[PDB]
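Enquirer: Could you have a look at this structure, given as structure tokens, before my questions?
Protein chains: 2
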Amino acid sequence: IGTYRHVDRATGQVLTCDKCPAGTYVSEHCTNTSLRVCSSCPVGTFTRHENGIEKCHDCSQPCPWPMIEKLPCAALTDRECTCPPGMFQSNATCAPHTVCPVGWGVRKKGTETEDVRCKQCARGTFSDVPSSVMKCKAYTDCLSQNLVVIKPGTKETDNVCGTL
Amino acid sequence: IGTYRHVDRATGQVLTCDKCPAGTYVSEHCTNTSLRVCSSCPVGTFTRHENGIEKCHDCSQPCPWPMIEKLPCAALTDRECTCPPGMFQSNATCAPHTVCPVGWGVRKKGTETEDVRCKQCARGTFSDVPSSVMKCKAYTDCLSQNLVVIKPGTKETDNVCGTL
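Protein sequences appear in the order of chains A and A'. A prime marks a further copy of an entry chain. If you read the first sequence in the entry's author numbering, its first letter stands for residue 51, the second for the next number, and so on. If you read the second sequence in the entry's author numbering, its first letter stands for residue 51, the second for the next number, and so on.
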């Protein structure tokens with residue numbers, strides 16, 4: 051563990067103290083005859099690193115709804131806000147992901163910062179449900195089924211399998 | 051930040067959650083539609099690493115006097131006990147460092163785990179004070195003083211400088 055220089059008030063000696071680990075701060079510095087003392091950051095404050103500071107940093111304002119915490123205000127961390135799942139940030143705040151219509155699917159999964167990206171189902175695939183998440187699904191393999199295609203599929207439906 | 055697998059109670063789905071940073075634990079696991087939630091370890095408990103556990107570890111018993119804390123019980127750390135300064139651990143507990151008598155000095159500085167190690171002042175050095183800390187000091191250089199040695203030194207005293 052690291053260390054820091056401190057000027058001792060009574061003696062004006064420059065001491066070398068041990069740092070305090072993250073999530074704590076130095077509640078009394080070392081002197082010529084005792085070690086420094088660490089205390090945990092009180093609720094509402096944080097330190098990210100091993101430090102020698104005398105007060106913990108203050109946690110940012112609470113997350114504006116509809117936003118939510120992906121990290122909390124804790125000893126070692128500032129709170130960190132994100133759009134909840136199924137939403138994504140645009141400008142001001144959060145908007146819900148695109149819902150890919152029947153006949154399309156997700157090409158690029160949506161994130162907390164990018165919307166979802168849809169593409170029309172390519173031939174041989176189809177998608178039968180609106181969803182901001184599902185990929186186009188391959189048709190059922192009628193061949194490797196010991197069967198044949200009774201009805202062809204479409205971008206919206208599987209092909210239907212059987213015989214005669 | 052890392053992640054862990056969790057089996058969702060209602061659905062028996064195996065989810066992938068984000069881990070919680072050190073000093074927090076997971077107060078509610080992620081589900082198919084919400085992110086996991088971290089809480090800071092309550093006073094008296096700790097987590098050393100980014101984890102996915104549901105309760106923080108318990109902090110060890112307080113330090114037996116004469117011993118003192120070199121790290122505290124905090125979110126990210128277990129308390130860690132040491133002999134106070136000027137003492138060192140032997141067997142049971144703590145004993146004070148050897149005090150090097152006049153005419154000796156410290157060869158090896160004492161630690162919280164090793165005693166101090168003394169050697170008789172070598173010729174040209176001396177030490178005039180009992181101390182569990184000070185090294186043998188070189189005599190004053192009478193030559194580079196524009197002066198001469200009126201009295202020789204000893205292992206206990208400097209030489210005394212002047213003229214005639």
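Think of the CB as a built atom: it goes at the ideal place given N, C-alpha and C, for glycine as much as any other residue.
1. By the three-class DSSP mapping on this structure, what secondary structure does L85 (chain A) have?
2. How about the segment 86–104 of chain A and the segment 113–126 of chain A: do they share at least three Cβ pairs that are nearer than 8 Å?
3. Quick one: what's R167 (chain A') bridged to in DSSP?
4. Is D178 (chain A') near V156 (chain A'), with beta carbons less than 9 Å apart?
5. Below 8 Å, can you find three or more Cβ-Cβ pairs linking the segment 139–146 of chain A to the segment 192–207 of chain A?
6. So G212 (chain A) is in the beta strand (DSSP E); what residue range does that whole segment cover?
7. Going by DSSP, what residue range makes up the beta strand (DSSP E) through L65 (chain A)?
8. Give me the Cα-Cα distance between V57 (chain A) and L65 (chain A), rounded to the nearest whole angstrom.
9. Which residues does DSSP list as the beta-bridge partners of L121 (chain A)?
10. What number of angstroms, rounded off, separates the C-alpha of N209 (chain A) from the C-alpha of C186 (chain A)?
11. Under the DSSP definition of a beta bridge, which residues are partnered with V198 (chain A')?
12. Per the DSSP calculation, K185 (chain A) is bridged to which residue(s)?
13. Starting from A145 (chain A'), trace the beta strand (DSSP E) both ways and give me its first and last residue.
14. When you compare the CB positions of residue 276 (chain A) and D68 (chain A), do they come within less than 9 Å of one another, or not?
15. Could you tell me the distance, in whole angstroms, from the CA atom of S84 (chain A') to the CA atom of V183 (chain A)?
16. Taking the DSSP output, what are the residues bridged to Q111 (chain A')?
17. Could you check if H147 (chain A) is buried or exposed, using at least 16 other CB atoms within 10 Å of its CB as the buried criterion?
18. Using only the alpha-carbon positions, how far apart do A72 (chain A') and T74 (chain A) sit?
19. How would you label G203 (chain A'), buried or exposed, when you count the other beta carbons within 10 angstroms and need 16 or more for buried?
20. Is there a C-beta anywhere in chain A that falls below 9 Å from the one on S84 (chain A')?
21. Within 8 Å: the Cβ of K159 (chain A) and any heavy atom of the ligand NAD?
22. Would you kindly report the start and end of the unbroken beta strand (DSSP E) that includes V57 (chain A)?
23. Please list, in chain order, the residues of the segment 119–133 of chain A that have any C-beta partner in chain A' closer than 7 Å.
24. If you draw a straight line from the alpha carbon of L214 (chain A) to that of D191 (chain A), how long is it in whole angstroms?
25. Run through chain A and tell me which residues come within less than 7 Å of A72 (chain A'), C-beta to C-beta.
Expert: Taking the definition as stated:
1. coil
2. yes
3. A':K158
4. no
5. no
6. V210 to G212
7. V64 to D68
8. Roughly 6 Å between the two C-alpha positions.
9. A:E130
10. 14 Å
11. A':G212
12. DSSP lists no partner for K185 (chain A).
13. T143 to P146
14. Because chain A here runs from 51 to 214, residue 276 (chain A) falls outside it and cannot be looked at.
15. 15 Å
16. The partner list for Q111 (chain A') (beta bridge, DSSP) is empty, contrary to what the question assumes.
17. buried
18. 13 Å
19. buried
20. With 9 Å as the cut-off, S84 (chain A') counts as an interface residue toward chain A.
21. The ligand NAD is absent from the structure shown, which contains no ligand whatsoever.
22. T53 to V57
23. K120, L121, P122, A124, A125, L126 and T127
24. In this structure, the straight-line span from the alpha carbon of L214 (chain A) to that of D191 (chain A) is close to 17 Å.
25. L126
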